[PDB]
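> Following this line is data13.txt, made up of compact mmCIF, N, CA and C atoms:
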# COMPACT_ATOMS: atom_id res chain seq x y z
N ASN M 843 179.01 -86.14 13.69
CA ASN M 843 179.15 -85.99 12.22
C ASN M 843 179.11 -84.51 11.85
N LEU M 844 179.92 -83.73 12.54
CA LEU M 844 179.95 -82.28 12.27
C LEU M 844 180.57 -82.01 10.91
N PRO M 845 180.27 -80.87 10.29
CA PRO M 845 180.95 -80.50 9.06
C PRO M 845 182.45 -80.48 9.23
N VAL M 846 183.16 -80.88 8.17
CA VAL M 846 184.64 -81.03 8.27
C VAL M 846 185.33 -79.70 8.59
N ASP M 847 184.58 -78.61 8.57
CA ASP M 847 185.19 -77.28 8.82
C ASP M 847 184.95 -76.85 10.26
N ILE M 848 184.82 -77.80 11.17
CA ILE M 848 184.58 -77.47 12.60
C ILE M 848 185.75 -78.01 13.42
N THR M 849 186.53 -77.09 13.98
CA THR M 849 187.70 -77.48 14.79
C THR M 849 187.55 -76.97 16.20
N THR M 850 188.50 -77.35 17.06
CA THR M 850 188.40 -76.99 18.49
C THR M 850 189.68 -76.37 18.96
N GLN M 851 189.59 -75.63 20.05
CA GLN M 851 190.75 -74.96 20.65
C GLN M 851 190.44 -74.74 22.13
N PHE M 852 191.45 -74.88 22.98
CA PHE M 852 191.22 -74.80 24.45
C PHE M 852 192.21 -73.86 25.07
N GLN M 853 191.86 -73.36 26.25
CA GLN M 853 192.77 -72.41 26.94
C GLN M 853 192.69 -72.58 28.46
N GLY M 854 193.74 -72.16 29.15
CA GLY M 854 193.69 -72.13 30.62
C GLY M 854 194.46 -73.22 31.34
N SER M 855 193.74 -74.01 32.12
CA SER M 855 194.38 -75.03 32.99
C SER M 855 195.20 -76.04 32.17
N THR M 856 194.67 -76.47 31.03
CA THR M 856 195.39 -77.48 30.23
C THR M 856 196.74 -76.93 29.80
N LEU M 857 196.75 -75.71 29.26
CA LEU M 857 198.01 -75.11 28.79
C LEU M 857 198.97 -74.89 29.97
N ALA M 858 198.45 -74.39 31.09
CA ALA M 858 199.31 -74.12 32.25
C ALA M 858 199.94 -75.41 32.76
N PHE M 859 199.13 -76.45 32.85
CA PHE M 859 199.63 -77.75 33.38
C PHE M 859 200.62 -78.39 32.40
N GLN M 860 200.36 -78.27 31.10
CA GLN M 860 201.32 -78.82 30.11
C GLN M 860 202.65 -78.05 30.19
N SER M 861 202.58 -76.73 30.31
CA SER M 861 203.83 -75.93 30.45
C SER M 861 204.56 -76.32 31.74
N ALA M 862 203.81 -76.54 32.82
CA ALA M 862 204.46 -76.90 34.09
C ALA M 862 205.16 -78.24 33.95
N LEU M 863 204.49 -79.20 33.30
CA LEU M 863 205.12 -80.53 33.10
C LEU M 863 206.38 -80.39 32.23
N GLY M 864 206.31 -79.59 31.17
CA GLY M 864 207.49 -79.41 30.31
C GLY M 864 208.63 -78.77 31.07
N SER M 865 208.33 -77.87 31.99
CA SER M 865 209.40 -77.14 32.72
C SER M 865 209.95 -77.98 33.88
N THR M 866 209.12 -78.80 34.49
CA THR M 866 209.53 -79.48 35.74
C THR M 866 210.71 -80.40 35.57
N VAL M 867 210.68 -81.24 34.55
CA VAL M 867 211.76 -82.26 34.40
C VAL M 867 213.10 -81.55 34.17
N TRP M 868 213.13 -80.58 33.26
CA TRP M 868 214.38 -79.86 33.01
C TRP M 868 214.81 -79.08 34.24
N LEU M 869 213.86 -78.49 34.96
CA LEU M 869 214.22 -77.74 36.20
C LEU M 869 214.87 -78.69 37.22
N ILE M 870 214.26 -79.83 37.43
CA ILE M 870 214.82 -80.78 38.42
C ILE M 870 216.20 -81.25 37.96
N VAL M 871 216.34 -81.56 36.67
CA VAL M 871 217.65 -82.11 36.20
C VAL M 871 218.74 -81.04 36.36
N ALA M 872 218.45 -79.82 35.90
CA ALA M 872 219.46 -78.74 36.01
C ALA M 872 219.77 -78.46 37.48
N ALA M 873 218.75 -78.47 38.33
CA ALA M 873 218.98 -78.19 39.76
C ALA M 873 219.88 -79.26 40.35
N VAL M 874 219.57 -80.51 40.07
CA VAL M 874 220.35 -81.60 40.71
C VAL M 874 221.80 -81.52 40.22
N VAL M 875 221.97 -81.21 38.94
CA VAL M 875 223.35 -81.05 38.41
C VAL M 875 224.05 -79.91 39.16
N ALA M 876 223.33 -78.81 39.39
CA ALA M 876 223.93 -77.65 40.09
C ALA M 876 224.36 -78.04 41.51
N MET M 877 223.49 -78.73 42.24
CA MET M 877 223.88 -79.11 43.61
C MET M 877 225.09 -80.06 43.55
N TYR M 878 225.11 -80.97 42.60
CA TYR M 878 226.26 -81.90 42.53
C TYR M 878 227.51 -81.09 42.33
N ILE M 879 227.45 -80.10 41.43
CA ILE M 879 228.69 -79.33 41.11
C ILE M 879 229.14 -78.55 42.35
N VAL M 880 228.21 -77.84 42.99
CA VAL M 880 228.65 -76.98 44.12
C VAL M 880 229.12 -77.84 45.30
N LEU M 881 228.45 -78.96 45.53
CA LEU M 881 228.85 -79.80 46.68
C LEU M 881 230.21 -80.44 46.39
N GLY M 882 230.45 -80.83 45.14
CA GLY M 882 231.79 -81.34 44.79
C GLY M 882 232.84 -80.25 44.96
N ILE M 883 232.47 -79.01 44.68
CA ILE M 883 233.43 -77.90 44.90
C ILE M 883 233.69 -77.79 46.41
N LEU M 884 232.66 -77.90 47.21
CA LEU M 884 232.83 -77.69 48.67
C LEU M 884 233.59 -78.84 49.31
N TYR M 885 233.45 -80.05 48.79
CA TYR M 885 234.07 -81.22 49.48
C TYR M 885 235.23 -81.84 48.69
N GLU M 886 235.39 -81.51 47.42
CA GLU M 886 236.55 -82.01 46.65
C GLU M 886 236.54 -83.54 46.68
N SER M 887 235.36 -84.11 46.51
CA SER M 887 235.24 -85.59 46.54
C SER M 887 234.14 -86.02 45.55
N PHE M 888 234.14 -87.30 45.20
CA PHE M 888 233.16 -87.80 44.22
C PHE M 888 231.85 -88.20 44.88
N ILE M 889 231.88 -89.07 45.89
CA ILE M 889 230.60 -89.66 46.38
C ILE M 889 230.00 -88.90 47.57
N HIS M 890 230.74 -87.98 48.15
CA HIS M 890 230.18 -87.17 49.26
C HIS M 890 228.96 -86.35 48.79
N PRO M 891 228.98 -85.64 47.65
CA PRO M 891 227.77 -84.95 47.24
C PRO M 891 226.60 -85.90 47.03
N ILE M 892 226.88 -87.09 46.51
CA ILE M 892 225.79 -88.10 46.34
C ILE M 892 225.25 -88.48 47.73
N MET C 1 250.18 -58.90 39.79
CA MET C 1 251.18 -59.79 40.41
C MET C 1 252.41 -59.89 39.51
N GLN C 2 253.48 -59.23 39.90
CA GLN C 2 254.72 -59.27 39.10
C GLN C 2 255.41 -60.62 39.21
N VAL C 3 256.65 -60.66 38.76
CA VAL C 3 257.38 -61.95 38.69
C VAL C 3 257.93 -62.24 40.08
N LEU C 4 257.13 -62.94 40.88
CA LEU C 4 257.59 -63.32 42.23
C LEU C 4 258.12 -64.74 42.19
N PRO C 5 258.96 -65.16 43.16
CA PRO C 5 259.37 -66.55 43.21
C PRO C 5 258.13 -67.44 43.35
N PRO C 6 258.11 -68.64 42.73
CA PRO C 6 256.92 -69.47 42.77
C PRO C 6 256.52 -69.81 44.21
N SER C 7 255.23 -69.68 44.50
CA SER C 7 254.71 -69.97 45.86
C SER C 7 254.59 -71.47 46.10
N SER C 8 255.62 -72.07 46.72
CA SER C 8 255.63 -73.53 46.98
C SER C 8 255.52 -74.30 45.66
N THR C 9 256.19 -73.82 44.62
CA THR C 9 256.19 -74.50 43.30
C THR C 9 254.78 -74.74 42.79
N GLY C 10 253.99 -73.68 42.72
CA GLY C 10 252.65 -73.79 42.12
C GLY C 10 252.36 -72.59 41.24
N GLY C 11 253.17 -71.53 41.32
CA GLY C 11 252.96 -70.30 40.55
C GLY C 11 251.64 -69.65 40.88
N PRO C 12 251.09 -68.80 39.99
CA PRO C 12 249.77 -68.23 40.22
C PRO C 12 248.64 -69.22 40.12
N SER C 13 248.91 -70.42 39.62
CA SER C 13 247.85 -71.47 39.52
C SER C 13 248.04 -72.58 40.56
N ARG C 14 248.59 -72.26 41.73
CA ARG C 14 248.89 -73.32 42.73
C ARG C 14 247.61 -73.98 43.23
N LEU C 15 246.60 -73.19 43.54
CA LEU C 15 245.36 -73.77 44.12
C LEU C 15 244.63 -74.63 43.09
N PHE C 16 244.90 -74.42 41.81
CA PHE C 16 244.17 -75.16 40.75
C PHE C 16 244.51 -76.64 40.78
N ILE C 17 245.72 -77.01 41.14
CA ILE C 17 246.09 -78.44 41.25
C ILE C 17 245.52 -79.05 42.55
N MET C 18 244.94 -78.23 43.43
CA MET C 18 244.36 -78.76 44.70
C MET C 18 242.84 -78.93 44.58
N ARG C 19 242.29 -78.90 43.36
CA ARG C 19 240.81 -78.97 43.20
C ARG C 19 240.46 -79.95 42.08
N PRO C 20 240.56 -81.28 42.32
CA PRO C 20 240.23 -82.24 41.28
C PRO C 20 238.74 -82.26 40.94
N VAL C 21 237.93 -82.46 41.97
CA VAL C 21 236.48 -82.54 41.73
C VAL C 21 235.98 -81.19 41.21
N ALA C 22 236.49 -80.10 41.77
CA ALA C 22 236.02 -78.76 41.33
C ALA C 22 236.29 -78.59 39.83
N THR C 23 237.49 -78.94 39.39
CA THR C 23 237.82 -78.76 37.96
C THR C 23 236.94 -79.67 37.13
N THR C 24 236.81 -80.93 37.54
CA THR C 24 236.08 -81.89 36.69
C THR C 24 234.64 -81.42 36.53
N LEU C 25 234.03 -81.02 37.64
CA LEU C 25 232.62 -80.57 37.57
C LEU C 25 232.53 -79.24 36.81
N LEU C 26 233.58 -78.42 36.88
CA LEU C 26 233.50 -77.11 36.20
C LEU C 26 233.47 -77.35 34.70
N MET C 27 234.33 -78.23 34.23
CA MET C 27 234.38 -78.47 32.77
C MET C 27 233.15 -79.28 32.34
N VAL C 28 232.61 -80.12 33.23
CA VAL C 28 231.35 -80.82 32.88
C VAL C 28 230.24 -79.76 32.70
N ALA C 29 230.18 -78.79 33.60
CA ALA C 29 229.17 -77.72 33.48
C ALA C 29 229.42 -76.89 32.22
N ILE C 30 230.68 -76.62 31.95
CA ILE C 30 231.00 -75.81 30.74
C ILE C 30 230.53 -76.57 29.48
N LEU C 31 230.80 -77.87 29.42
CA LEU C 31 230.39 -78.66 28.23
C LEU C 31 228.85 -78.68 28.13
N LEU C 32 228.18 -78.88 29.26
CA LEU C 32 226.70 -78.93 29.23
C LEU C 32 226.16 -77.56 28.80
N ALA C 33 226.78 -76.48 29.28
CA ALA C 33 226.25 -75.15 28.96
C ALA C 33 226.46 -74.91 27.48
N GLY C 34 227.62 -75.32 26.97
CA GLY C 34 227.89 -75.14 25.53
C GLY C 34 226.92 -75.92 24.67
N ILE C 35 226.61 -77.15 25.08
CA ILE C 35 225.65 -77.98 24.30
C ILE C 35 224.27 -77.32 24.33
N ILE C 36 223.81 -76.93 25.52
CA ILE C 36 222.44 -76.36 25.59
C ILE C 36 222.45 -74.99 24.91
N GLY C 37 223.60 -74.32 24.86
CA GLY C 37 223.63 -73.04 24.13
C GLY C 37 223.54 -73.25 22.63
N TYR C 38 224.34 -74.16 22.10
CA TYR C 38 224.29 -74.43 20.65
C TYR C 38 222.91 -74.90 20.29
N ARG C 39 222.20 -75.50 21.24
CA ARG C 39 220.80 -75.88 20.96
C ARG C 39 219.85 -74.73 21.32
N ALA C 40 220.35 -73.67 21.97
CA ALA C 40 219.41 -72.62 22.42
C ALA C 40 219.80 -71.22 21.93
N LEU C 41 221.10 -70.93 21.82
CA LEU C 41 221.49 -69.54 21.47
C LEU C 41 221.08 -69.24 20.05
N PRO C 42 220.99 -67.97 19.59
CA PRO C 42 220.41 -67.64 18.32
C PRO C 42 221.43 -67.50 17.22
N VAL C 43 221.34 -68.42 16.27
CA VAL C 43 222.29 -68.41 15.14
C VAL C 43 221.59 -67.70 13.98
N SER C 44 222.19 -66.62 13.53
CA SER C 44 221.60 -65.83 12.43
C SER C 44 222.49 -65.91 11.18
N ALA C 45 221.95 -65.46 10.05
CA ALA C 45 222.77 -65.46 8.83
C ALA C 45 223.74 -64.29 8.86
N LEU C 46 223.27 -63.13 9.30
CA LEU C 46 224.10 -61.90 9.22
C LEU C 46 224.02 -61.17 10.56
N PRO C 47 225.02 -60.35 10.90
CA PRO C 47 224.93 -59.57 12.11
C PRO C 47 223.85 -58.53 12.04
N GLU C 48 223.41 -58.08 13.22
CA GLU C 48 222.34 -57.05 13.31
C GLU C 48 222.95 -55.68 13.02
N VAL C 49 223.42 -55.52 11.79
CA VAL C 49 224.00 -54.21 11.38
C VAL C 49 223.07 -53.60 10.34
N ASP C 50 222.17 -52.72 10.79
CA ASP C 50 221.18 -52.12 9.87
C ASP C 50 221.43 -50.63 9.75
Please rewrite the model in this file as C-alpha cells.

Amino acid sequence: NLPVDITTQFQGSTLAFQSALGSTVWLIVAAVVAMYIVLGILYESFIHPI
Amino acid sequence: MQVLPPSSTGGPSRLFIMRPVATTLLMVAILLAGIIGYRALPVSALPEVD
C-alpha cells in the first residue's frame, strides 16, 4: 500500500535480454532470406536452396 | 561498348535472360528493401537546407 507517487525502474540484464529478443527474430528472418537469395543466384533453381 | 552486332541475339543484356531465379529473388529483395525503407528511412517535412 505504498503512496501512489512511488514508481519503479530497472536496468541491465532485463533491458539487454529484451533487446536481444527483439533483434534475434528479425536477424534470423533477414539472414535466411539472404541465404535463399544468394543460393538461388548460385544455382538458378527454386528448391535447391531450400 | 559501341554498336556491335548482337552477341548470339541477346545484346548487352544476353546473360539477363539466363538468370530466372536470380532475377526473381533480386526483385523480391528490392521490394522487401523498399518496404522496410518506407517503414525505416526518414521522411521529413523540408530538406536540411539551413
> To test the calculation: enclose all listed atoms of stretch 13-26 of chain C in a box whose edges run along x, y and z, add 5 Å on each side, then state centre and edge lengths in Å to one decimal, as AutoDock Vina command-line options.

--center_x 240.7 --center_y -76.5 --center_z 39.7 --size_x 26.4 --size_y 22.1 --size_z 20.0
> Can you tell me how far atom N of residue C:49 sits from atom CA of residue C:30, in Å to one decimal?
28.8 Å
> Quick one: pull the distance between atom CA of residue M:879 and atom N of residue C:26, Å, one decimal.
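Going from atom CA of residue M:879 over to atom N of residue C:26 covers 6.5 Å.
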> Could you list, as a PyMOL selection string, every residue of chain C that has an atom within 7 Å of an atom of chain M, counting only N, CA and C atoms?
chain C and resi 19-23+25-26
> Would you work out the distance separating atom N of residue M:877 from atom C of residue C:16, expressed in Å to one decimal?
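That distance, rounded to one decimal, is 21.2 Å.
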> With N, CA and C atoms retained, output stretch 7-49 of chain C as an mmCIF file, in the first residue's frame.

data_model
loop_
_atom_site.group_PDB
_atom_site.id
_atom_site.type_symbol
_atom_site.label_atom_id
_atom_site.label_comp_id
_atom_site.auth_asym_id
_atom_site.auth_seq_id
_atom_site.Cartn_x
_atom_site.Cartn_y
_atom_site.Cartn_z
ATOM 1 N N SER C 7 25.342 -10.199 -79.680
ATOM 2 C CA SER C 7 26.068 -11.435 -79.290
ATOM 3 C C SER C 7 25.100 -12.607 -79.130
ATOM 4 N N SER C 8 24.947 -13.417 -80.178
ATOM 5 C CA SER C 8 24.013 -14.573 -80.144
ATOM 6 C C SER C 8 22.585 -14.091 -79.864
ATOM 7 N N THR C 9 22.202 -12.961 -80.452
ATOM 8 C CA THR C 9 20.835 -12.410 -80.281
ATOM 9 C C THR C 9 20.469 -12.251 -78.815
ATOM 10 N N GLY C 10 21.309 -11.533 -78.077
ATOM 11 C CA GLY C 10 20.977 -11.215 -76.679
ATOM 12 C C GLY C 10 21.339 -9.776 -76.356
ATOM 13 N N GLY C 11 22.104 -9.110 -77.228
ATOM 14 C CA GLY C 11 22.551 -7.727 -76.991
ATOM 15 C C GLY C 11 23.396 -7.609 -75.747
ATOM 16 N N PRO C 12 23.511 -6.414 -75.155
ATOM 17 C CA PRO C 12 24.229 -6.273 -73.897
ATOM 18 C C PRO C 12 23.535 -6.895 -72.714
ATOM 19 N N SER C 13 22.274 -7.294 -72.870
ATOM 20 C CA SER C 13 21.533 -7.951 -71.762
ATOM 21 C C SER C 13 21.351 -9.453 -71.995
ATOM 22 N N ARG C 14 22.293 -10.103 -72.675
ATOM 23 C CA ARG C 14 22.113 -11.534 -73.028
ATOM 24 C C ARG C 14 22.075 -12.407 -71.770
ATOM 25 N N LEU C 15 22.980 -12.169 -70.840
ATOM 26 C CA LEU C 15 23.045 -13.045 -69.640
ATOM 27 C C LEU C 15 21.804 -12.865 -68.764
ATOM 28 N N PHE C 16 21.101 -11.747 -68.912
ATOM 29 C CA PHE C 16 19.934 -11.465 -68.048
ATOM 30 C C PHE C 16 18.800 -12.441 -68.310
ATOM 31 N N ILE C 17 18.634 -12.899 -69.537
ATOM 32 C CA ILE C 17 17.582 -13.905 -69.841
ATOM 33 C C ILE C 17 18.034 -15.311 -69.382
ATOM 34 N N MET C 18 19.280 -15.461 -68.933
ATOM 35 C CA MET C 18 19.766 -16.788 -68.461
ATOM 36 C C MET C 18 19.720 -16.882 -66.928
ATOM 37 N N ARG C 19 19.008 -15.968 -66.256
ATOM 38 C CA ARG C 19 19.005 -15.958 -64.771
ATOM 39 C C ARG C 19 17.569 -15.779 -64.260
ATOM 40 N N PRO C 20 16.717 -16.825 -64.318
ATOM 41 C CA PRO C 20 15.352 -16.685 -63.838
ATOM 42 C C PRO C 20 15.271 -16.508 -62.326
ATOM 43 N N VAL C 21 15.875 -17.449 -61.613
ATOM 44 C CA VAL C 21 15.812 -17.389 -60.139
ATOM 45 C C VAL C 21 16.543 -16.134 -59.656
ATOM 46 N N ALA C 22 17.672 -15.817 -60.273
ATOM 47 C CA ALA C 22 18.445 -14.629 -59.834
ATOM 48 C C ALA C 22 17.568 -13.377 -59.952
ATOM 49 N N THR C 23 16.895 -13.222 -61.084
ATOM 50 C CA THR C 23 16.071 -12.011 -61.271
ATOM 51 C C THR C 23 14.929 -12.021 -60.274
ATOM 52 N N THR C 24 14.265 -13.168 -60.122
ATOM 53 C CA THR C 24 13.065 -13.189 -59.261
ATOM 54 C C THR C 24 13.465 -12.824 -57.843
ATOM 55 N N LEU C 25 14.553 -13.416 -57.364
ATOM 56 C CA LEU C 25 14.991 -13.141 -55.976
ATOM 57 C C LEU C 25 15.507 -11.695 -55.879
ATOM 58 N N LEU C 26 16.058 -11.163 -56.968
ATOM 59 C CA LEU C 26 16.617 -9.796 -56.884
ATOM 60 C C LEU C 26 15.461 -8.824 -56.684
ATOM 61 N N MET C 27 14.409 -9.012 -57.456
ATOM 62 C CA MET C 27 13.276 -8.059 -57.340
ATOM 63 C C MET C 27 12.514 -8.328 -56.033
ATOM 64 N N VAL C 28 12.514 -9.569 -55.553
ATOM 65 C CA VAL C 28 11.891 -9.824 -54.224
ATOM 66 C C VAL C 28 12.681 -9.041 -53.162
ATOM 67 N N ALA C 29 14.010 -9.092 -53.238
ATOM 68 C CA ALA C 29 14.846 -8.343 -52.272
ATOM 69 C C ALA C 29 14.624 -6.834 -52.437
ATOM 70 N N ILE C 30 14.522 -6.395 -53.675
ATOM 71 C CA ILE C 30 14.311 -4.946 -53.903
ATOM 72 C C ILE C 30 12.972 -4.511 -53.277
ATOM 73 N N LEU C 31 11.920 -5.304 -53.477
ATOM 74 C CA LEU C 31 10.599 -4.943 -52.904
ATOM 75 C C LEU C 31 10.677 -4.953 -51.368
ATOM 76 N N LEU C 32 11.330 -5.968 -50.807
ATOM 77 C CA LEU C 32 11.426 -6.046 -49.330
ATOM 78 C C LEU C 32 12.232 -4.842 -48.816
ATOM 79 N N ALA C 33 13.293 -4.472 -49.534
ATOM 80 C CA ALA C 33 14.142 -3.380 -49.039
ATOM 81 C C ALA C 33 13.344 -2.098 -49.111
ATOM 82 N N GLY C 34 12.589 -1.932 -50.188
ATOM 83 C CA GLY C 34 11.761 -0.717 -50.316
ATOM 84 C C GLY C 34 10.709 -0.629 -49.224
ATOM 85 N N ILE C 35 10.085 -1.756 -48.899
ATOM 86 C CA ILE C 35 9.045 -1.751 -47.832
ATOM 87 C C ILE C 35 9.709 -1.399 -46.492
ATOM 88 N N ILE C 36 10.820 -2.064 -46.176
ATOM 89 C CA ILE C 36 11.442 -1.808 -44.847
ATOM 90 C C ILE C 36 12.032 -0.389 -44.852
ATOM 91 N N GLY C 37 12.388 0.134 -46.027
ATOM 92 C CA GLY C 37 12.869 1.525 -46.049
ATOM 93 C C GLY C 37 11.749 2.514 -45.791
ATOM 94 N N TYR C 38 10.638 2.348 -46.487
ATOM 95 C CA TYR C 38 9.496 3.264 -46.282
ATOM 96 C C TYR C 38 9.054 3.169 -44.848
ATOM 97 N N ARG C 39 9.294 2.025 -44.212
ATOM 98 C CA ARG C 39 8.964 1.921 -42.769
ATOM 99 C C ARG C 39 10.164 2.361 -41.917
ATOM 100 N N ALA C 40 11.334 2.588 -42.535
ATOM 101 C CA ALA C 40 12.518 2.899 -41.695
ATOM 102 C C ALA C 40 13.207 4.201 -42.108
ATOM 103 N N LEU C 41 13.219 4.534 -43.402
ATOM 104 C CA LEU C 41 14.004 5.721 -43.818
ATOM 105 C C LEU C 41 13.350 6.982 -43.279
ATOM 106 N N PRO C 42 14.021 8.150 -43.205
ATOM 107 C CA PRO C 42 13.497 9.297 -42.518
ATOM 108 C C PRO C 42 12.790 10.265 -43.427
ATOM 109 N N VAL C 43 11.491 10.371 -43.191
ATOM 110 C CA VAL C 43 10.662 11.279 -44.018
ATOM 111 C C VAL C 43 10.514 12.577 -43.240
ATOM 112 N N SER C 44 10.976 13.661 -43.850
ATOM 113 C CA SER C 44 10.919 14.979 -43.183
ATOM 114 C C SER C 44 9.954 15.903 -43.936
ATOM 115 N N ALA C 45 9.616 17.028 -43.308
ATOM 116 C CA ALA C 45 8.740 17.985 -43.998
ATOM 117 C C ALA C 45 9.540 18.773 -45.021
ATOM 118 N N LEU C 46 10.746 19.187 -44.657
ATOM 119 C CA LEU C 46 11.535 20.082 -45.539
ATOM 120 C C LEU C 46 12.959 19.548 -45.632
ATOM 121 N N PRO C 47 13.694 19.880 -46.700
ATOM 122 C CA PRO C 47 15.075 19.472 -46.766
ATOM 123 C C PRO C 47 15.933 20.159 -45.736
ATOM 124 N N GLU C 48 17.077 19.545 -45.442
ATOM 125 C CA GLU C 48 18.021 20.104 -44.440
ATOM 126 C C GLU C 48 18.802 21.250 -45.088
ATOM 127 N N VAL C 49 18.076 22.305 -45.433
ATOM 128 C CA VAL C 49 18.739 23.492 -46.035
ATOM 129 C C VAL C 49 18.624 24.642 -45.031
#
